[PDB]
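One structure below.
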Amino acid sequence: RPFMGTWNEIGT
Amino acid sequence: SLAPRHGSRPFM
Amino acid sequence: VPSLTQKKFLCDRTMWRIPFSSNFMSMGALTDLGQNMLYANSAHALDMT
Amino acid sequence: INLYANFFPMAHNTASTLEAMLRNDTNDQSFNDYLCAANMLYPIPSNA
Amino acid sequence: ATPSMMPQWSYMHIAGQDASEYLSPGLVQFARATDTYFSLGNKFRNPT
């Protein structure tokens with residue numbers, strides 16, 4: 001589930 | 001912090 | 001008396017925006033269409049009016 | 001009078017995996033009404 | 001992403017790692033240790 005807004009490892 | 005509660009830099 | 005209506009949307013202190021993302025949302029700093037290869041790793045022109 | 005709807009341009013590869021994934025009986029969506037009412041009005045004669 | 005422009009992007013935190021894994025671990029420990037009065041958090045980048 002790589003839909004996130006990855007900052008440096010997925011997830012807000 | 002630390003564990004004797006609050007503080008700052010005698011812990012690296 | 002008979003009447004004809006007028007309108008406006010006075011909106012000061014702000015600048016009109018248009019995100020450069022596909023959904024128009026605010027996905028992140030680096031947009032989702034600022035890294036889509038067709039717009040980076042390539043060249044393009046621009047023409048507004 | 002005109003209805004109006006705003007669609008999220010969801011990626012198809014992932015939207016289709018939402019249908020076959022939110023349509024499941026287990027994952028159905030259940031709501032609640034905030035006020036949680038059982039409203040009832042009771043008349044009162046003047047000066048009662 | 002866009003691999004041909006990934007290196008420089010990552011070099012200057014254009015789209016690289018957060019300020020908890022490129023920072024030398026000692027420095028992150030330091031900043032977490034003295035964020036209460038000498039916050040260094042805003043001196044750095046957290047690319048999104």
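FYI, nothing fancy with the structure tokens labels: chains A, B, ... in order, residues from 1 per chain, ligands from 1 as they appear.
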
Discussion item. As an MDAnalysis selection string, could you give me every residue of chain A near chain E (at most 10 Å apart, counting only C-alpha atoms)?
Written reply: chainID A and resid 5:10 12

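Going from atom CA of residue 46 of chain C over to atom CA of residue 19 of chain C, you cover 15.7 Å.
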
Worksheet item: Which neighbours of residue 7 of chain B fall inside 10 Å, counting only C-alpha atoms, when residues of the same chain fewer than 2 positions from it are skipped, and could you give them as a list in words?
Response: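 Within the cut-off, the hits are residues 1, 2, 3, 4, 5, 9, 10 and 11 of chain B; 33, 34, 36 and 37 of chain E.
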
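When only C-alpha atoms are used to measure the gap to residue 23 of chain C, the shortest distance among D:47, D:38, D:7, D:1 belongs to D:7.
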
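Residues surrounding residue 10 of chain D within 12 Å are residues 3 of chain A; 22, 23 and 24 of chain C; 6, 14, 15, 16, 17, 18 and 19 of chain D [only C-alpha atoms; sequence separation below 4 positions excluded].
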
Discussion item. What's the separation between atom CA of residue 20 of chain C and atom CA of residue 33 of chain C, in Å to one decimal place?
Written reply: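 Between these atoms lies a distance of 6.3 Å.
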
Worksheet item: When you draw a straight line from atom CA of residue 36 of chain C to atom CA of residue 45 of chain E, how long is it in Å?
Response: 22.8 Å

Could you produce a table of the residues of chain C lying within 10 Å of chain A, with the nearest pair of atoms per residue and their separation in Å rounded to one decimal, using only C-alpha atoms, ordered by chain and increasing residue number, as a tab-separated table?
```
residue	atom	partner	partner_atom	distance
C:26	CA	A:5	CA	9.7
C:27	CA	A:5	CA	6.2
C:28	CA	A:5	CA	6.2
C:29	CA	A:5	CA	9.4
C:30	CA	A:5	CA	9.8
C:31	CA	A:5	CA	9.8
C:32	CA	A:5	CA	9.5
```
